[PDB]
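Input: a single structure, listed below in structure tokens.
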Amino acid sequence: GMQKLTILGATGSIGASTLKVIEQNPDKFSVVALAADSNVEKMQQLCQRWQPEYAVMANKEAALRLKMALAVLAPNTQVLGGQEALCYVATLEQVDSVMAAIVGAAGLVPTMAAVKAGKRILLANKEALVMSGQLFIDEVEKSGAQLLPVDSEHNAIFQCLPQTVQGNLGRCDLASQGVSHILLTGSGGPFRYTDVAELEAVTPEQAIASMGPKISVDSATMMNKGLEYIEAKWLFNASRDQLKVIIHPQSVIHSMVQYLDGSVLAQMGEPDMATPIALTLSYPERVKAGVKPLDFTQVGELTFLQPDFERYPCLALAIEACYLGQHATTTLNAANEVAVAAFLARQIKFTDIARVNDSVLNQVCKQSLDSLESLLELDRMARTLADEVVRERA
Amino acid sequence: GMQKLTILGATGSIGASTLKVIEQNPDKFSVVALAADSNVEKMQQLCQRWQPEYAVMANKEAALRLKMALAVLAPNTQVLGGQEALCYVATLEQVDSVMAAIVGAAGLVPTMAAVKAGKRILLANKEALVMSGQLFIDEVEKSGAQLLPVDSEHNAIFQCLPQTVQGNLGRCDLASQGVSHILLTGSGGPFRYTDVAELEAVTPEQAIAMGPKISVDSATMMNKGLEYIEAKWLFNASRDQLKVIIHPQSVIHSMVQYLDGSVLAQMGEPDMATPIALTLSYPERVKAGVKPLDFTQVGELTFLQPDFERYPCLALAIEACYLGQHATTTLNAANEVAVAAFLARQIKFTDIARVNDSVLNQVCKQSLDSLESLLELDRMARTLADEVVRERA
Ligand SMILES: NC(=[NH2+])NCCC[C@H](N)C(=O)O
Ligand SMILES: [Cl-]
């Protein structure tokens, strides 16, 4: 009856939220392995509290430091280091679910290893579907793995869909289950009400407005929503007709689904990742998450805007890239990482982010079976091109 | 494949919405019988268009006029009259579903007959659960009938609940399916922002701002009180599991709060074809002739907390709910009389609650129910309400 978990990415906020849910439900969930790619100090404190069978650092030098610490703080925890070790804890025979919350391309291989092992995948890595969506959906079908999305918007959509679609992510025909379209919602970022002409003079200070700066700039360009759009396409097998973006500045509603009869289902809640995580752990049942019920006294007004592509050119690029396929979305994601770093380094203007993305995307896709290796190679090629366009713009 | 329907109450707006959905889906639904009260002109036009096997008027004189009209225009339609005939078309062997949209206490007996026949019941009669909830839920269990609520709020709640609950209405333990509570929403009516002191002087013109009884009930929030009582019986909700929220714009139709912090809400254009369509198609979905919700034109959504100084009727309904069938039957009956008196300008708007309150107290100080015995109680309560209306006048 007990569900056994490996947590990939235990020292971040997703890891923390996952552990809070497990803390509320000690009779249902048990932590077999914890793994991290940063923060040995946090990791040793978590291994002390959780005493897991395995603890893994992605970096081998960091694993050595952890092993020395846990010789005192968690003597029965076996510490391991490296990429092979991440795959090892992700594929253990006794493990039922894997929280895949290591970010970036470093998360692909261990997430993929869990997929090939037929595990239940609590998906909190954007790159798996942005870079290699077709590949991931195929491997999931091949092994019988269950995919359950962690991210707020995707999780909300998941909850607003019928059970037949929930059980068969990536392979169901939406129109045959009565779905007209999915409404992906977003706040619109700090420049939601800013005149388009003023965007040229925007500074990194303004674009940050609390989480990491790359994620904040993506929120300002709505590239964050673009990437979510791409993931939604693969998660829910949605065509461009079936997938819409709506700006909802207050973020109380997390996303919605429009049905054929006129009915709309929406998911709402307090802004706490423990809620969506809790469902990924408990599906199809539900568990206490340590999150209070929504307080309609404090919600204030809910409003909606149509995104303007003059304001959010990156969003148009992501939608376009989406339906061109893996090569285009890998290219766009790579280019954007370079373009954002250049804006933050004050080499290019805020509005140049979209121009860099647009140039690189056009160059790559005018040319004519994919693997994780070949797509990483393409990621690298796109970065090189983006570096060159950054110089043109500087 | 084809679902066969009897429509009780075909000439009203619910009947019209049902027929619009059937019109969109001729490969899935077929009309076996249509039934109505005494709008013979609308009924003959519908029997012309639909050519059903049976057509029934509740009034026998009206049935005779219809029978003469249809003898050429709908030659294959057998016309019948009276209460027994309503029960007959509601219980036909070939019929799968019954739209129970005859309103008031007259709807109880034929709706109940459909229930005892084990039919799928598309419930659009408030009285079945307000007056005789215990009795209906028991009879539904006994026969294996499916109950699917037509009314907007209940239908919304139904859609926001898990599938395991949807398949067992009136008998599922909500907490065991992860539900903390149901959030029954309402507009708050035309006086949502009005000072309590000003309610004494409101006139029927102001209370109407859609039949007039339903509008006044919307102004007092008795509408929400009645819906509260029905929800309790439909979803088997305890006093912890059922809440009321004011949402003035009525875009959100109701919501459900789950154990993990997640809330599901149902929204849509204000068109009864949507909820009706789901009652017909469940667990699948069908085209309903309703456009998708346009979020560019929705405007702002807000929420308020009801005040019992502003909505005394809502407190009465909740109170009556947990006192049982006798109390809810009494309150409903009293309120029908009290609203008619307000509309006739015999009593003040704020006297509606006072009449309801007096009658409810009088009846429940005194001490196996049937439809007959509860109808008698309905009549006794009306008599008392008439007397309190004179005191107030
Ligand atoms: N977190 C990191 N940047 N790790 C890089 C180190 C790679 C690791 N030592 C290995 O050989 O598998
Ligand atoms: Cl967002």
Side-chain angles (χ1 to χ4, degrees), chain A residues 151-157 159-160 181-199 202-203 205-213 215-229 232 243-258 264-273 275-276 291 294-316 318-319 350-351 353-354, chain B residues 245 247-252 255 261-265 267 292-304:
Chain A
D151 204 30
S152 175
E153 295 83 357
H154 299 139
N155 190 271
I157 290 157
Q159 288 186 60
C160 295
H181 51 80
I182 290 165
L183 299 150
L184 182 45
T185 57
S187 80
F191 313 125
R192 62 174 71 74
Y193 305 130
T194 304
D195 293 345
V196 169
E198 284 172 49
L199 299 179
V202 162
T203 317
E205 276 75 45
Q206 292 167 303
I208 299 295
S210 315
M211 289 291 151
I215 289 162
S216 303
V217 172
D218 284 349
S219 185
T221 59
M222 281 193 82
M223 185 58 87
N224 82 314
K225 211 52 45 171
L227 296 180
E228 288 166 17
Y229 182 105
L243 194 48
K244 310 232 295 189
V245 178
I246 305 287
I247 285 163
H248 170 47
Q250 306 82 15
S251 301
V252 179
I253 293 161
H254 299 134
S255 275
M256 319 178 267
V257 175
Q258 173 72 69
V264 172
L265 294 186
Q267 195 268 349
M268 307 166 74
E270 294 293 342
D272 189 328
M273 286 305 289
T275 296
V291 179
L294 187 53
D295 183 16
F296 290 96
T297 291
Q298 298 290 126
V299 170
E301 66 183 9
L302 308 187
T303 61
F304 308 88
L305 307 173
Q306 196 158 118
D308 187 0
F309 297 130
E310 296 270 318
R311 179 170 289 109
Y312 304 111
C314 288
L315 183 57
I319 294 167
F350 182 71
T351 46
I353 295 171
Chain B
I245 305 287
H247 170 45
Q249 305 83 15
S250 301
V251 179
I252 293 162
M255 318 179 268
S262 180
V263 171
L264 294 187
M267 308 165 74
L293 186 54
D294 182 15
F295 289 93
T296 64
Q297 298 286 306
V298 169
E300 66 182 8
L301 309 187
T302 61
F303 307 87
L304 307 173

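Values below: every heavy atom of this structure, side chains too, minus hydrogens, waters and symmetry copies. Note on naming: letters A, B, ... go to the chains in the order of the sequence lines (proteins, then strands), and numbering restarts at 1 for each one.
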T303(A) side, atom OG1; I247(A) side, atom CD1 - distance, nearest 0.5 Å: 10.0 Å
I319(A) CD1 to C314(A) SG distance, which is reported to the nearest 0.5 Å: 11.5 Å
Residue pair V257(A) / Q159(A), side-chain heavy-atom distance below 4.5 Å: no
Heavy-atom side-chain proximity of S255(A) to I182(A) below 4.5 angstrom: no
Shortest non-hydrogen separation from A318(A) to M223(A) and the atoms involved: CB-SD, 4.3 Å
Over 12 non-hydrogen atoms of neighbours within 6.0 angstrom of CD in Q306(A): no
CG-OH distance between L243(A) and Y229(A), expressed to the nearest 0.5 angstrom: 4.5 Å
Interatomic distance, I252(B) atom CD1 to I245(B) atom CD1 [nearest 0.5 angstrom]: 10.5 Å
Close side-chain approach of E228(A) and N224(A), heavy atoms under 4.5 Å: yes
Derivation of the side-chain contact (heavy atoms from CB on, under 4.5 Å) call for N155(A) and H254(A): CA-CA 9 Å; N155(A) 190 271; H254(A) 299 134; over 6 Å; no
Any donor-acceptor pair under 3.5 Å from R311(A) side chain to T194(A) backbone: yes
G188(A) versus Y312(A), closest heavy-atom pair with distance: O-OH, 2.6 Å
Closest non-hydrogen atom pair, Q249(B) against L301(B): OE1-CA, 3.5 Å
Test item: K225(A) and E153(A) side chains (from C-beta on) under 4.5 Å apart, heavy atoms: yes
Heavy-atom side-chain contact between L294(A) and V299(A) under 4.5 Å: yes
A207(A) versus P190(A), closest heavy-atom pair with distance: O-CG, 4.0 Å
Student check: side-chain heavy atoms of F350(A) and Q206(A) closer than 4.5 Å: no
Residue pair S262(B) / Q267(A), side-chain donor-acceptor N/O under 3.5 Å: yes
Exam field: side chain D308(A) to backbone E310(A), donor-acceptor pair closer than 3.5 Å: yes
Side-chain heavy-atom pair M268(A), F296(A) within 4.5 angstrom cut-off: yes
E270(A) vs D295(A), side-chain contact (heavy atoms from CB on, under 4.5 Å): CA-CA, chis, key distance, verdict: CA-CA 8 Å; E270(A) 294 293 342; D295(A) 183 16; 4.1 Å; yes
Results of side-chain hydrogen bond (donor to acceptor under 3.5 Å, both in side chains) for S187(A) - residues two or more places apart only: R192(A)
Aromatic plane relationship, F304(A) with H248(A) - under 30° parallel, 30 to 60° tilted, over 60° perpendicular: parallel
Separation between CD1 of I157(A) and CG of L265(A), rounded to the nearest 0.5 Å: 12.5 Å
